[PDB]
Amino acid sequence: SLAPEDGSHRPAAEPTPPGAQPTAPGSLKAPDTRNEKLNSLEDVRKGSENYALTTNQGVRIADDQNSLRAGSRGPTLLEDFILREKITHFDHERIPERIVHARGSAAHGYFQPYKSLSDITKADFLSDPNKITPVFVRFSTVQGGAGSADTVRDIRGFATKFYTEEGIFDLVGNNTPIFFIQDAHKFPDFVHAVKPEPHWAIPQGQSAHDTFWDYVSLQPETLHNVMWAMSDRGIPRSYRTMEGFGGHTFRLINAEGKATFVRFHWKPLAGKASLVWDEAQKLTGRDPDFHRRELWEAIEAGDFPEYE
Amino acid sequence: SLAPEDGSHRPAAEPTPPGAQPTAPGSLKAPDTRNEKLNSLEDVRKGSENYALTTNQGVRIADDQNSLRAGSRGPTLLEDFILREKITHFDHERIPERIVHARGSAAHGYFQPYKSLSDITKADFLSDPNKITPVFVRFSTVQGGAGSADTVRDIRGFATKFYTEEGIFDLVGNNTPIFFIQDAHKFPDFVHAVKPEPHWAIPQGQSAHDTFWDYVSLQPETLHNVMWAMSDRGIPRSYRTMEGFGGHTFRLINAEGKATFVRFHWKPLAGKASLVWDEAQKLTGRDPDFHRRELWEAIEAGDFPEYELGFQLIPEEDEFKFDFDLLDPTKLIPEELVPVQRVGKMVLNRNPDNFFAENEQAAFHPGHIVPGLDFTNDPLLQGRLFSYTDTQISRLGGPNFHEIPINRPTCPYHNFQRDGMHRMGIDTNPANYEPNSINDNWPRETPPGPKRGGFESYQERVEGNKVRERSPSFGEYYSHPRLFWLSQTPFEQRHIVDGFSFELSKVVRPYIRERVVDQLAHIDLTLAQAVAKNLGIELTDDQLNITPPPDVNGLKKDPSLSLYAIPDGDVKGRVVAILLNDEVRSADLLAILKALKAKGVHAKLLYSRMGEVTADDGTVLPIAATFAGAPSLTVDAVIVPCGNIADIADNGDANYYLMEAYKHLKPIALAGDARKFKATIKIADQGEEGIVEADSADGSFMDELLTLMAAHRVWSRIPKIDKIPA
Amino acid sequence: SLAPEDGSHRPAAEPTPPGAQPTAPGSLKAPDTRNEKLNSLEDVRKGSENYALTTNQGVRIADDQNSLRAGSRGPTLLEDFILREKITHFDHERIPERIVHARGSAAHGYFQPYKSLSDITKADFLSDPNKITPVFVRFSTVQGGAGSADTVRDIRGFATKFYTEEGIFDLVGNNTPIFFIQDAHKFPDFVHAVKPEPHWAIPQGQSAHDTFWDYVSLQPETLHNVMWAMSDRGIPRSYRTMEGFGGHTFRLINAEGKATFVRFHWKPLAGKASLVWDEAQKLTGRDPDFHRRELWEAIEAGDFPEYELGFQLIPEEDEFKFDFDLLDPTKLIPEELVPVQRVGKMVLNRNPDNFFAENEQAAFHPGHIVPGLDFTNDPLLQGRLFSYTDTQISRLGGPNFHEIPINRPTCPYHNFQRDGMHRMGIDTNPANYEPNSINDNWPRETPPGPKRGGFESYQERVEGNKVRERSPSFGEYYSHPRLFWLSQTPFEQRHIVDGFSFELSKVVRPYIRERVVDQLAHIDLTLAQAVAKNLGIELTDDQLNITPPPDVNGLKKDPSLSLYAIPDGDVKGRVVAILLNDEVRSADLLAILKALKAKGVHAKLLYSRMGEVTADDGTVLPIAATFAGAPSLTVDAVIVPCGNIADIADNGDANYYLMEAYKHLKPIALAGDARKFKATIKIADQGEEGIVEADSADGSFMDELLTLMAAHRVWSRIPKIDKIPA
Amino acid sequence: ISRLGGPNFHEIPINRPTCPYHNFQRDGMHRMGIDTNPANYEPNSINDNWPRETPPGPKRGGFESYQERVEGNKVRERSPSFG
Ligand code: HDD
Ligand code: HDD
Ligand code: HDD
């Protein structure tokens, strides 16, 4: 039970086009790609080659193929602490998914400003075109579970964690410039209306059902973001080819104390592109992981997603 | 006051066919359908009509549209306890999904035995044909999350919680009679290999990826359940049309203390039926909820799922009389050797009210047995017993999960266990320990006996050293795969070949494909050559020389292992697409719809737009869905009636509808000028088996159609479909 | 059968005095004490007598003594699901204790107003004197864990959950009228300073340590509550004999929408009474459950705790009429300025059945208000509204904590919130959102109104900039401490002095003690000098010269601030130790017990061993406890009757009994030869006030005793106790 | 699992081994270790089957239970020798 003689089990640690090599964890595919946050994770990264198989308490296992039993056709014994640790860990693997945006795909990268914005903001991460800030970005759909499909018709999430010298800033936006509702108090109402209906938990990853359109017809404030969702904006080609927006007006505050209202935008440097509905729908069946895969593969190829 | 004045917002509380009315909670749809469990849930059901909107503490809310703020354009205030309660509840709605079988669809029903089985088991639920036991059943896939798609290729779960007078019995089985692995210690290895790969969390709902086939190639014990999953068994038409199996050998114990080994079976009374791969995969995109929907709607229509419980029974003295070990969960017991004895009938006749509360929180576990049943040393079963209790502690938040209403016994439960998170029961017993004198030792132990006795394990002899060791008797991997293979029809065998070829084509490392093919060459050389041809791999002379494994106790096939070799078709509950035009021949439609109704087959009327069309005689025809909205994937057959055929003859969706149904081997019926559609599917002028055609939908047209539907698909069409561009 | 023949295992279901019967779950002790809340809990109460012991799944257990093993000396088998279920539940019994107030004792009861308050509030539970509202009340300390001792020096909590017809109202108060800090943002800092220090987690249940006094010394806003804690307020005799206060200014809102500022009060109908420090501290060792026991026993005896609800009412126009801010929670409202209007009575008349299920899982939260009440901008109250909801998510395991039986409203609750961990309610509403048409928008919003209306906040005007800033009006720290100091009797003042002196002596860093003594010089020089002298500190000139803070609105004292200035002592439910000998004069004992009975005073008969002794006339007297087993700490007075006094005259334990009671200022009565014990406590021949003595226990000797008991302690004895070695 | 909040309690610093620990277990609440192994199962070829089982031996060997003889029936019964 062992690697082929020719080393073909293992992906080259170099940029390769989609399909050329099996995909691999980032630190093994691109060991020389670093930034301050990636390096700071080194304390918890765990390797595997040349190490003995152990329990969580560091005890080496001799036989990971069998339970301990009384004779080789007998009952399993309660004193098999190796079996029970292994099974206990497995039995407790899952954690609650996110209430919304449970389906999502993420990557590491970096940000830098073009010029110091100290005239409008004292934020340290915008103060120097040569100070780089690590980021971690998660893209997502909204309605479906963590195991729902990528190319549904839905709003997309675009959340960026900036690891700045003066704190974490999370810019948590979507791929349209507005939202469906005005007051947070109504969020559970809207989200429950769009989600699978409570009697039968249908439909997954779709607004195409009675409760959503009942809510829309009774709450005209929703109609702006509904127009976006029904347009091809609701079915992007790739996370690399959609816009992002913070949605709300925030403030920038400079060292003098001056406040300026701001709305945040991300412009895709790969351009804007969406699927068409028959294609996007059938694609949720032929490859429900299509946007997840395409993001991972673009980064393994060197086609790094870029946003302004 | 927002309901339409005509009351059309509310579905009729009576059985109605798929699509005729909006679906609803079970207790609203079918208030008169009752059972002892459903009645016992009344203490927790919460209505809504005529009640004031409140917080959870019961305070009436005046304005559920706005947060409290300082000024109508001001900041939101922390003192808004109504907002915060409402958002907090929302913020914590989700609980962890099941580690496996996360995707599942459930219903309420009841079970009754055909006769007393007291000769072979003292289990109270099998003791009397007039004893009705409520059940709650959850069907599932295995690999994908709770929001994955239904018609994946996977094993299906079939779990039944029997609420008996002497305890909950959970029979937690699958839709194939074996499992992939022999010992529970390997379950996280196997499940990790089949689940999305850990770097990138791809693929969902699919074994078609490197790590699965890596594991398989290195662990030949997996090959038997792999054959089942690569066959059309892995893509059932409906939960109603698959078999169920306990998998393991268990024991029945009668009042005299005699043990009989037993394997459990469920026989679908609607027959065995599966999809074809291209249909199944495309259907995960066009309706990822297709099985959940079909189960719910069958029940709303009165087409109750029915299953016959059956037992393969083996005397203790015969433990060692087979070529395979009875306790090996990768081995099946061929029905030719050991028949299934019919035991009773289960009918699922009511949907839940709230999916999260009843389905998502239900906890099933095979260690939940009752007196009259017992375990064996099957080393998979043995480790399952640890897992299903343990896992509920995180999934359902603590050790009081049996107090969540769907899980509660309907029979008495009393003991000295106390506290834990979410404790509902308020114990008044002065004592929380036994033996106690302060409550006269109540509740008390009960000696074992013929009925209403305590649980005592069967005193099986154990003899051996403490070992981590696989029994040598389990060391045989190929004969059962081969038995399965040889039992399948030629078309079934083609679909197994295509399952392997399609899956391995998705395996990125070619060495793993080669190693799987080498394993297939130990099972059957025809299968292995056919797969190798599709992968552009050439068998070596050595592989062409591997000797096939032995027959299983002299059997070279067992037809009961095939979905289709022995006809068992049933059309009730099936559905036909009718492709309308703007001037339908109304007499055709009257005969079509009535013939379908006589056999309990449903219809959906389809067109290029919603709304209505008008028939030749002025009859107003309501449209159910567009051609694109309800693709042929979702139906069992297609009928095109006469009328203004020129209206749809050039419609790309209408033509493609027939192409897709044609490719997927579904019966197609064409009346009058609808026969011009023959050109689209390339049918000979003189016609072909599987295409019903006549001047009109009268006389034998509908009979011929229903006969095709009773045989499910037109397997003879398979050689014709390779050329069709669809 | 393990119970005794004579049935003496089972306490009578009728009221009985402390220690006459074993205590019992409240529904078994007082089955016919009912209220709407207790009745509504019947669906989850679980009995025990005559039931079979089962698993949680309802399977009867035959042998609850042994694990399943291979051979009777073999290994335990994994298939023992009975063992594992029982052990799993045990393994998960504990839930997080409360962050603060983790130690508490609770009971059920009811509330009824004296008159309709509709003129000042629309709160339905105050609308009519015949409206009875069930309550559940938990009393608590603040610092110590759930396993810490009761009679510590600490603030006490007093939380009442009102199950009203218009929602749960939780009045979450303490036993002093203010808090230590002004702004909720500082709550974790204060609570961390007072709790066990983080390196070694010492001390439990004590503010007597460096970090507490460090915080106080740097935050003079704390000094007011610190005065309360250092007085005998911090060591109540019983939860029945302490006051309760909401702390904050809230609002009442009437049907016209007029707002009145309110502070809430609970006046104990058993009067105010506290221990003295030595006795309290020793009692934490002799009986760390003393208050929990005393409360449970008072209810079982029919000595129901009763409190009068009181409102201090201040019109909206009067907001700025005092020289302190009404919204500053470190400031009290002197009753001499705003009287307490008495509004209703609460009576606690039934103990829980199961402490964990009803007391430990109960959730009280001051944000739980009802129409007719509202909040104010008090910055401590404001941040509380966030915490009591948030904290339940871990403590009670998720957002359905209101479905935990004790927490459920008794009035209707319906809304669109769904799921969450351990969801009990099964919702049948087709809609889970509003506005909806599919359920005609039910449940529906309700406009605010005079009764049964939806909640609307009082439209208070908000004007200012977004700032993190303490109101300048909150920046006065010394005048309320001084008002409190000046309102105490001289012996109350001396105990406050001793409380600071003792506490500060346990601060290891001397500069902290010095800094605290500086703060006391800003309050009162006599206080600062007295504490300084006990610490070996000399005040500097600067310190002798600190001008006292001003009087509070011209008040130089308010006697309502003292426990004792105005007598309100009630002897019903108090307890006397009677020290027996082996030939008690039966006539002394008859008269004693008769006179005690007449006043509802209980007795415990004490001896040097258990069992019984025999009176001169042959009356058999059962012994409740030994002298050492039931120390004088646990009683309110001591009587020694005549008889064979030589039997106990030389018993160290009986002499010490008297010394201990004497030192702690308890009344002592000695009849006939029992007067020979006057020597052990150094009483002159001519007698002393607070020592009752006579040739026999006549009617006069008992009246004298009972008069002394009504005054609680013999404060005049204080200068004689420091000579006493006890 | 309830006291310490899930199956990763060995990653709470005080509980951590000081010696190597490597295996195919993954996920769970508050997971700290970030696994780079391409494989999360064994046997595997894609990481040449690492981390690997180790035979029992005099030092640094895998854990093997002592092969005690077990013989008797499946019973819930106290040994008479304990009475
Ligand atoms: C008051 C409730 C609320 C409201 C009004 C919104 N959100 Fe939100 N959102 C949540 C409550 C929430 C959440 C429930 O807190 C989530 C799910 C779990 C999580 O960690 O956060 C979340 C997740 C979430 C994510 C996924 C973050 C991730 O990848 O993990 C994104 C991109 C957004 N939201 C974006 C938005 C936008 C652009 C909004 C309006 C313009 C918005 N949300 C309104
Ligand atoms: C030792 C581990 C283990 C093994 C060897 C098996 N299972 Fe399992 N199974 C679990 C551990 C588990 C689990 C982790 O405990 C699950 C997921 C969550 C749940 O509550 O139980 C579960 C769920 C689960 C369900 C879903 C119950 C539901 O609808 O909620 C079914 C139908 C089965 N299993 C069926 C089987 C069959 C037929 C097996 C072999 C013949 C099998 N399992 C072996
Ligand atoms: C913002 C922090 C905070 C603030 C400033 C206060 N509290 Fe509090 N209190 C909590 C945060 C909290 C809490 C963490 O939320 C508790 C502990 C657990 C819980 O259920 O509530 C609690 C418990 C608690 C209890 C115990 C209720 C029970 O028996 O379960 C009482 C009686 C009080 N508090 C009383 C008060 C008073 C009279 C305060 C000031 C006048 C006060 N608290 C300020």
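The chains referred to below are lettered A, B, ... by the order of the sequence lines, with proteins before strands, and numbering in each begins at 1.
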If we only count heavy atoms from C-beta on, is the B:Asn377 to A:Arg73 side-chain gap below 4.5 Å? no

pair B:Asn351-A:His199: side-chain heavy atoms closer than 4.5 Å: no

Residue from A:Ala208, A:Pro288, A:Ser72 scoring the most non-hydrogen pairs under 4.5 Å with chain B is A:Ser72

Quick one, B:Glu93 and A:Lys195 - any side-chain contact, counting heavy atoms below 4.5 Å? no

When only pairs under 4.5 Å are counted, which of B:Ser148, B:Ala146, B:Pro188, B:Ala106 shares the most heavy-atom pairs with chain A? B:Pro188

First locate atom CZ of B:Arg395, then atom CG of A:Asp91, and finally report the distance between them rounded to the nearest 0.5 Å. 11.5 Å

Could you tell me which of B:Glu319, B:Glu463, B:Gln182, B:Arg103 has the largest number of non-hydrogen atom pairs under 4.5 Å with chain A? B:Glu319

Determine whether a donor-acceptor pair (N or O, by modelled atom type, separation under 3.5 Å) exists between the side chain of B:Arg509 and the backbone of A:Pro22. no

How about A:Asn66 and B:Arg470: does a side-chain donor come under 3.5 Å of a side-chain acceptor? yes

Quick one: are B:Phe386 and A:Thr88 in side-chain contact, heavy atoms under 4.5 Å? yes

Are side-chain heavy atoms of B:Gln382 and A:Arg69 found at a separation under 4.5 Å? no

Turns out that what part of B:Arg84 lies under 4.5 Å from chain A's heavy atoms comes down to neither

Pick from A:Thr76, A:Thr151, A:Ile202: which one has the most heavy-atom pairs with chain B under 4.5 Å? A:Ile202

Under a 4.5 Å heavy-atom cut-off, does chain B meet the side chain of A:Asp287, its backbone, both or neither? neither

Options A:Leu77, A:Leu218, A:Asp278, ranked by heavy-atom pairs under 4.5 Å with chain B, top entry: A:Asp278

If I compare all heavy atoms of B:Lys186 with all of A:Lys86, which pair ends up nearest, and what's the gap? CA-NZ, 4.5 Å

If one checks every heavy atom of A:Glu297 against chain B at 4.5 Å, the contacting part turns out to be side chain

So, B:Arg468 and A:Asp80, do they make that salt bridge, N to O below 4.0 Å? yes

Top contributor to chain A interface from B:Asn465, B:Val152, B:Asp210 [non-hydrogen pairs under 4.5 Å]: B:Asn465

Do A:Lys282 and B:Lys282 have side chains that get closer than 4.5 Å, going by heavy atoms? yes

Which atoms of A:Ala3 are under 4.5 Å from chain B, going by heavy atoms: the side chain, the backbone, both sets, or neither? backbone

Just wondering, do B:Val100 and A:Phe90 contact through their side chains at under 4.5 Å, heavy atoms? yes

Here the pair of heavy atoms bringing B:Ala184 nearest to A:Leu83 is C-CD1, 4.4 Å

Portion of B:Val462 that has a non-hydrogen atom of chain A nearer than 4.5 angstrom: side chain

Can you tell me which portion of B:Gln206 sits under 4.5 Å from chain A's heavy atoms? Options are side chain, backbone, both or neither. side chain

Counting heavy-atom pairs under 4.5 angstrom with chain B, the leader among A:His89, A:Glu97, A:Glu197 is A:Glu97

Separation of A:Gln204 CD from B:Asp289 CG (nearest 0.5 Å): 6.5 Å

Report the option among B:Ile393, B:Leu283, B:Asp325 that has the most heavy-atom pairs separated by less than 4.5 Å from atoms of chain A. B:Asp325

As an exercise: rank B:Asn359, B:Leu28, B:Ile82, B:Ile99 by heavy-atom pairs under 4.5 Å with chain A and give me the winner. B:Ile99

Could you tell me which of B:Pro203, B:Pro198, B:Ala102, B:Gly144 has the largest number of non-hydrogen atom pairs under 4.5 Å with chain A? B:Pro203

Quick check for you: to the nearest 0.5 Å, what is the distance between B:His185 atom NE2 and A:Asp64 atom CG? 4.0 Å

What is the ring orientation for A:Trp296 with B:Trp200, classed by angle as parallel under 30°, tilted 30 to 60°, or perpendicular over 60°? perpendicular

Greatest number of non-hydrogen atom pairs under 4.5 angstrom with chain B, of A:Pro4, A:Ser1, A:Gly74, falls to A:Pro4

Residue selection (most heavy-atom pairs with chain B, distance under 4.5 Å) from A:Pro96, A:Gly145, A:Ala149: A:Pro96

Kindly indicate whether the side chain of A:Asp183, heavy atoms from C-beta on, has any atom under 4.5 Å from the side chain of B:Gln65. no

Does any backbone or side-chain atom of A:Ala24 lie under 4.5 Å from a heavy atom of chain B? Answer side chain, backbone, both or neither. backbone

